[PDB]
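>>> Mind folding the following:
(chains A, B, C, D, E, F, G, H, I, J, K and L, ligands or ions: 5)
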Amino acid sequence: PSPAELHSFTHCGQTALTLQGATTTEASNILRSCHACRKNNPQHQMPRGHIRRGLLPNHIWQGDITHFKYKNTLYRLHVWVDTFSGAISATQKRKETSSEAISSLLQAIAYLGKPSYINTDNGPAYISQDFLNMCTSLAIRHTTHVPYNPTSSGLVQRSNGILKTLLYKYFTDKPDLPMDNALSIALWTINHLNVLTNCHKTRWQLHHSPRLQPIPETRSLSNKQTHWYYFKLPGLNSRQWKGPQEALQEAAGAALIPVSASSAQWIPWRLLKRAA
Amino acid sequence: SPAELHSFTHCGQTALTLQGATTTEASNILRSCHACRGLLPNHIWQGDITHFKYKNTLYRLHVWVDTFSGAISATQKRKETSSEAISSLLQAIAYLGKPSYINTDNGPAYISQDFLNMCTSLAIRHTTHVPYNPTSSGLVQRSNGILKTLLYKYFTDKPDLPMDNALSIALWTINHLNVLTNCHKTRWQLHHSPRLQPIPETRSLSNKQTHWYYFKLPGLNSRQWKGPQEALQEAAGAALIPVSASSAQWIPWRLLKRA
Amino acid sequence: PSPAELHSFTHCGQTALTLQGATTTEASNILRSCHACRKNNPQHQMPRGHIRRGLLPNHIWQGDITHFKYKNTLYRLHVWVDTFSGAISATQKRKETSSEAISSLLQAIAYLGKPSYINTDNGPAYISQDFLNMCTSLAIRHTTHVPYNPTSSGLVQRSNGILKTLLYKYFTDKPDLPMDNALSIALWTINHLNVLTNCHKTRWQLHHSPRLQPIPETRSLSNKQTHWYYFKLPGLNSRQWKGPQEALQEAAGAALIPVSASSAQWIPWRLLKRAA
Amino acid sequence: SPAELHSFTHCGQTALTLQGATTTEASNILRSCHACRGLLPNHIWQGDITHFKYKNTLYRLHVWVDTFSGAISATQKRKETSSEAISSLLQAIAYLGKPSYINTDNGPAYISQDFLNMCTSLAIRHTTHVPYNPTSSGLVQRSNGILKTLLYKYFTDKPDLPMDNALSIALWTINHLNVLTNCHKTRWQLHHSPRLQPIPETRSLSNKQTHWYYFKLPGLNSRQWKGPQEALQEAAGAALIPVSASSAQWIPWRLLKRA
Amino acid sequence: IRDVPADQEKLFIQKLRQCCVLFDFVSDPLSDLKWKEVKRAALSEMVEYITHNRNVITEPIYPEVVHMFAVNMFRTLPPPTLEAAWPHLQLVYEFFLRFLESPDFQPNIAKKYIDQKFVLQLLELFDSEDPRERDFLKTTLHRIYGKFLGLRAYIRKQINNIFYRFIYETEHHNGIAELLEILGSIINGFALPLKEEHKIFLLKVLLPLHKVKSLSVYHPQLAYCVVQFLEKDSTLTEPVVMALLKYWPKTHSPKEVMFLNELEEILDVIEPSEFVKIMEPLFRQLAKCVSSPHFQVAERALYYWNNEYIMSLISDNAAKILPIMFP
Amino acid sequence: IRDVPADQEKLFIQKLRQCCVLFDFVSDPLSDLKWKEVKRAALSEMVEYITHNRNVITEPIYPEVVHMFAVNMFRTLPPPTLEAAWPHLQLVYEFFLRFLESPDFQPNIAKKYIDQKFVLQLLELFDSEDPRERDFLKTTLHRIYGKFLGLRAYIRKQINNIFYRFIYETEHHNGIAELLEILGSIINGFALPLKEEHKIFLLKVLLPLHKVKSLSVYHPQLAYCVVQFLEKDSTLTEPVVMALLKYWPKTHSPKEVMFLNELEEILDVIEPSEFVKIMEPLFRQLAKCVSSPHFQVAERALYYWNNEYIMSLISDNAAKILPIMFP
DNA sequence: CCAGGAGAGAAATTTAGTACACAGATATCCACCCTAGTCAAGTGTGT
DNA sequence: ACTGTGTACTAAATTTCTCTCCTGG
DNA sequence: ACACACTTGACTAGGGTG
DNA sequence: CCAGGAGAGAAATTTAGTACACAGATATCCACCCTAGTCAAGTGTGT
DNA sequence: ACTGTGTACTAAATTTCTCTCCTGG
DNA sequence: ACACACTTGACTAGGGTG
Ligand SMILES: [Mg+2]
Ligand SMILES: [Mg+2]
Ligand SMILES: [Zn+2]
Ligand SMILES: [Zn+2]
Ligand SMILES: [Zn+2]
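Numbers count the residues shown, from 1 in each chain, chains lettered A, B, ... in the order given. Ligands and ions are numbered 1, 2, ... in the order given. Below you will find the coordinate block:
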């Protein structure tokens, strides 16, 4: 068809086809079977997963480690935050050992609270064997995010930014005072003297009172039906879409696609593009 | 677990049956590892420095203990100058809570002008204890001795553990898993019971509400909202709008009407 | 006191002030007298000066030079665009010396049409004395942009993206065909066979027919009144805000301003944190 | 400017007074530099390949010329296989316009299926000439000889030029700054006069409009919109809505209602 | 003298009407040229003012603008020539065109101000020899004819008058093509079945026109007219059979070979239903014009064994042309 | 037996009322314990159902819920002790509390179902020795008293009865503190000038209370009461002068030194206007209690040369205390 | 003679709606064009 | 088996009030 | 005629923006 | 007996509203932890 | 003396129509 | 009874994720 093979020779927009003289609906059909004309435009209409975690109870925590103040002393800090009530515990000095991470977690438990889940990045100080041996010694689960995906920990990443630029404020002023206490102070602030939205409580007091409340429940996930869809390797190797044939096992926000290595992988929907 | 949570922390007799052990399963747990200035509610504090039997070097640790509840927060250092006591307090104050009447003996670390140049900056009445006033010792030392015991009950086993986790764990047990009197309240529970709201006279009502909130985005579509009715919960995060499905959810939310 | 200077010891939020018992708006005054709190929080509420030129009937070209995928060899494309009708002329083969850029302009002018202004970035092949002498020999103006600011050329930078992903489409299919005539192809389907936008007129037509129209008038850039702004060096050197005292010659969008070198640049407003 | 525009361009006698020279000063420009099958309305084409004076190696001018207007589009290359007789055509089509009858000659570069394997893929009737039909030569050759003489007019002066600009410039002058006959139309403006709209009977009305629509953002504020007003102009970019100040602007617009 | 300010259309109808002084500009501009340039600047302001606003064009000016028009150019021309005062007439024109297609022109008002003798005092200007004005005059007439109905059919008759008076004798009207285009715009805008009047006036004067000579100056456009005529009306092709054939020229000339080039570019809409009766009278000249005195008819009369469907027609229904086509 | 489905409040009032069988649970659970666990699971469903929806709490159940309450725990206690069946009473409690502060509880309806003898059949439960229920009972009373008016002043009188009957003899009521807190919530919620009744019943029984012994078990909260008493009512401080002084103990004991710790933590809201008449009777015991038989009075009677403003008061208006303060 | 009362600031004070950036981090190379000095062929002194 | 988010910053609504000073009790 | 005073240059060196 | 006609698809076909990415480009280093191979000290035979 | 922007992609409005089949001319 | 048939080991190298 002078309409159809015209697109099959130029890849012109549907409106041009219309003006060539074929009705819109057939145009729209054409523009969803020009497989190349589909594999190149990156346009990404899948629905966002804003789903960092559900928080029916308190105590599903989150971990992350950060580098501060490398004027002369790189200043490594560890932070754990709670995601029912946005309360932050933070301990630095320099190191990276598993034994250091462990001593930090063990210290955050003396502050509040005593969690029941956990999840961090892929890990190394967290991937240690003795680390998870400490975990299991405390009857705690543990999970890891997908590799190479920073937004996965959106919450912590933001609470980091909040903490740094409060430190920076203090250190613009009063530029002598030692970090040990200019940190203890910036914490007492973040916990006791701020409010968030019309929630209009101080993170801490919100973290304290409402546990007097019960726990709703939604379980028995179901309704699994596959689909088929070409997008993209998630190694930041941004390029044309990367087409896979199709999902081995559906999920909620994520997916599971056999890379040609016949290997399972869990791509998040922020990287996919649906097909027939 | 309870035999293991014991060997992990070495509690006593009382606070274990509330995890699932019977009466005798608590006395037999004791047979396991055998023989191992008023009340001033809330925030009128008291504190102290202490030596400590070394591992090879005497660790000097300060501490701050409330007087209403009986909570404890403390740390360990090597030097004991005023800059040290300062960093110690200031940490405990980022722990709970923020006091208004602090008391101590008259050691040198309590005299220095910098210390004054910090207390004054926080509207903190800093009094002076009468030095060598042990009429308050039986209670402060009740606490301190608790720590001394617990620590030795820790590193008499597996002595290779570092000399800080012993402190962390010591606290986490001493401030979440104990009651001394019949109060049936942990120190740290009690110390943060949200205070009872004082009733006003002649207006015998309450205000607990925010009405709709046009809600959308349970799932996977952008469209007009749904009329979002009340929210019976709230938290950084979401708000528990009861869906018309007679069911509940959690969403980061759209509107804010008046209520 | 405890209301007044508390911010001067913690830098807590205004809400925390009022809730500890301070006033209602003098809070807002306090939170604009912490040079620290301003030198640290980032925000650009200054309006989105967003504007090209183009009022003329299609006579400001605005054209830049770029790269291309190597089958086994780079391919340099120069591309000039118009700014009132989005028409694109593009000539590539390998070299980006001045004498070739010149031969490109001299060709993309035969294809419509002889301009009256021109605009570009600081690329060397354009700073050439020889290019300049050619330009002047042709009764044209010439201008640059503030250096190190890619958005400045938004229009052409985008028409680049458009041209690349059209090429890629073709070279997905029929991957043997010679890498030049498939350019003349794309240039057709970009000018004649593609309804632009809500205007609903193919660029080509929009570029020819309306020349019958007159020229409206607008003039008198005037009414100068300075201010003070502390914001940020524009050398990608993203950091705390960089504070100067104050503009010498304010202008539309941009703003002349001296750095401590007693030297004067024109920081695009998009990097200025207002404070009077 | 006219003496330099002259030597830079340097076509001829007619179309120069429209830049500012008088009658006699135009003839005194000629005194200057001492060196100077039907008619087939738009898109029924004709083409040809041509040799050229070897500067030291002859190049293969390869050209296409319309038959209604009289525009030109050509190029330079070395070989003459259908590979690039194609690439030449295809480029001319990216230039103006897209034809429907291509008659040049019975050359092998036209014989090859590689050629027809492209033409057929573009719905392009191929009607080719009777070879050796010079009854059309006095005209296509009029064009070609123009190209020839113009080139030598260029580089006999300043032979330092490469043989690309010489062609680019030769065109830009031959297709924007000339008028053939009394028509007082350039080859270009003629070849792209937007065709007169054919008039309907009993529908004797018109539609030149897009409905009013709100507007904001002249300057520096975000708020509700204003108007609406009709918009009397439009272009990729802005749309020239007449602002309430009895004046005009240009904004990248907001709404598109029905009219 | 100039302005833009009280914002009263009366002060602007003043600015308009105050051009009521008229220059005699045959050879004598010496007397106060400045009134001339100021006039040009005036109308320039007037034009972009009309582009400026919406409410500018109220009734009290309508017969005045049409009068200012008539007074400014409604006069005789000396029967390749251009205008000395050209950019002045080129501005009264552009101002009027933009005035016409202005949005706020209501036809029901101007209906009484549009006049039949007026438009006759407009069409006779096409006889001039300036191509430039012959363009503005083209487009403006096309706007009138698109924007009125009574005068629509009226001018149709007026031009048929001109047609008659032109074709039957040697009128060197030299301004025809511009109507042939307005024609083509019309003949496109039709829906048959309809009144035969149009096609009648075509078989009356349009094709008999070819008795005329010098055809090159209007040949293309007339060819485009006859094709706009046929499509789809073209089933109306049955009677076109032999028309030019009897109007066929007699002597030897590139006129005839141009008409061949025409006839070659018109065999495009054949349909075999009535094509039965015509392929024979076609060949009764086409196959029978070898007796022409040209040296070209040796390959002129045989350009039809070569098409795609013309050849398939020679092999479609050849049950009647088979012996006549020379073996 | 369990459900969640016809969505009929009648089938849910059934689920509620069907707990109408009652266990005698002193020492004999052997007979079909399963009715017990199923009851627990029932009320669990009932509670989170009430959290589930909005329209659940209509009239036909109101006197039934209050009856189910009374039938479930309105009985005697044996005059540090806890409950065997504790998590059952701990759930009827939590269910009722959430029932009370539920949004859809309209008071104008329940007004007839809230009963004065009922609340008397509630307050006498504070005499028990389980601290846990003594908490739920605290909070629930605080909600009733916050959510009604007639019974508000009624219970005020009822407790003043208890007060009288307690203080004047040796009642080991052992459940006082929970009302001292409901008191403090009230005495905060006031706006003087007002009826003297409150302050009267305070100078009637509240301060005479200190004739009592064992004060450690109720001292802090009563101190927080007297301070919530003063602010702003504190101008009512003039007559407080000597009250405890006459109620001052007689013998040597840490009771007296605790009361000193009290008196030390109450000199905080002095204002010099009426302070003229009191600094002397203050020192008529404070400076005159050196004759106490403690070994501490050696530094007890001199803790007031050391404050910030108490000392400045000793240097503010010393024109009357100057010879009495020992030089 | 003056209590409700349009009402024009007004002041005050709430809300709404976008932007920004936390993510492991730098050095090094490359295509080009300009400015500034350094001996190295070419040409002017003294007879 | 797994998924972005919280604060700052300014214009605009909107809601107190508020003296001006009119009105008929 | 063989001892030194005068340019470029070539030809290095270095920097700045994409 | 049937022309306007609710009307439930329906189909069709317009519009609205967010996301994305063009920008010069890679290599190289670093803090850490795990698995797999490579010489370097230790113990049983034969008569 | 200088300043972000154009297209793709999918749900939702909305606007044609359309037989069902009711109605009294 | 000591030479070899047999082990660890330590200790690299290399890879992978932030
Ligand atoms: Mg990390
Ligand atoms: Mg560039
Ligand atoms: Zn395509
Ligand atoms: Zn033990
Ligand atoms: Zn500040």
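
>>> just the helices in chain A please.
With DSSP state H as the criterion, chain A has helices at A:4-10, A:14-20, A:24-30, A:35-39, A:98-108, A:124-127, A:129-136, A:154-172, A:179-192, A:203-208.

>>> what's the closest of the ones you listed to residue F:129?
Across the helices of chain A, residue F:129 has its closest neighbour in helix A:203-208 (28.5 Å, C-beta to C-beta). In short, each C-beta sits where N, CA and C put it, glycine included.

>>> Show me which positions of the closest one end up buried.
In terms of neighbour count (16 or more other C-beta atoms under 10 Å in any protein chain shown), helix A:203-208 has its buried residues at A:203-204, A:206-208.

>>> What of stretch E:88-99?
Buried residues in stretch E:88-99, counted by 16+ other C-beta under 10 Å: E:88-89, E:91-93, E:95-96, E:98-99.

>>> Identify those among these that sit within strands.
With DSSP state E as the criterion, strands contain none of these.

>>> Turn those into JSON lines, columns for distance to ligand 4.
Shown next, in JSON lines, are those (distance: C-beta to the ion, whole Å):
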{"residue": "E:88", "distance to ligand 4": "115"}
{"residue": "E:89", "distance to ligand 4": "115"}
{"residue": "E:91", "distance to ligand 4": "109"}
{"residue": "E:92", "distance to ligand 4": "112"}
{"residue": "E:93", "distance to ligand 4": "110"}
{"residue": "E:95", "distance to ligand 4": "107"}
{"residue": "E:96", "distance to ligand 4": "109"}
{"residue": "E:98", "distance to ligand 4": "102"}
{"residue": "E:99", "distance to ligand 4": "106"}
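
>>> Could you dump these into a markdown table and include distance to chain B?
As requested, these are arranged in a markdown table below (distance: C-beta to the nearest C-beta, whole Å):
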| residue | distance to chain B |
| --- | --- |
| E:88 | 61 |
| E:89 | 60 |
| E:91 | 55 |
| E:92 | 57 |
| E:93 | 54 |
| E:95 | 51 |
| E:96 | 52 |
| E:98 | 46 |
| E:99 | 48 |
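
>>> Skipping adjacent residues, who's closest to the residue nearest the centre of chain A in space?
Among the residues of chain A, the one closest to the centroid is residue A:152, at 1.0 Å (C-alpha atoms, centre = their mean). In space, and not counting its chain neighbours, residue A:152 is closest to residue A:145: 4.0 Å by C-beta to C-beta, 6 or more residues apart in numbering or on different chains.

>>> so the one you found sits right up against residue A:123, yeah?
No - contact criterion C-beta atoms under 8 Å: residue A:145 and residue A:123 do not qualify, at 9.5 Å.

>>> of these two, who's got more company?
Using other C-beta atoms under 10 Å in any protein chain shown as the criterion, residue A:145 and residue A:123 rank with residue A:145 on top: 18 against 15.

>>> residue contacts, the more buried one?
For residue A:145, the contacting residues are A:119-122, A:152-153, by C-beta atoms under 8 Å, 6 or more residues apart in numbering or on different chains.

>>> Of the residues you listed, keep whichever come out buried.
A:119-121, A:152-153.

>>> out of those residues, who's nearest chain C?
residue A:153 (21.5 Å; C-beta to the nearest C-beta).

>>> What is the burial count for the residue in chain A that ligand 2 sits nearest to?
Taking C-beta to the ion, ligand 2 has its nearest neighbour within chain A at residue A:238, 22.4 Å off. For residue A:238, the neighbour count with other C-beta under 10 Å is 11.

>>> Outline the domain layout of chain A.
A:4-39, A:61-210, A:224-276 (automatic domain parsing).

>>> Give the closest residue to residue A:46 in space, chain neighbours not counted.
residue A:269 (4.6 Å).

>>> OK, contacts around the nearest residue to the residue of chain A closest to ligand 2 once chain neighbours are set aside?
Leaving aside its chain neighbours, residue A:238 sits nearest to residue A:232 (7.6 Å; criterion: C-beta to C-beta, 6+ apart). By C-beta under 8 Å, 6+ apart, the contact set of residue A:232 is A:238-239, A:241-242, A:267, A:271-273.
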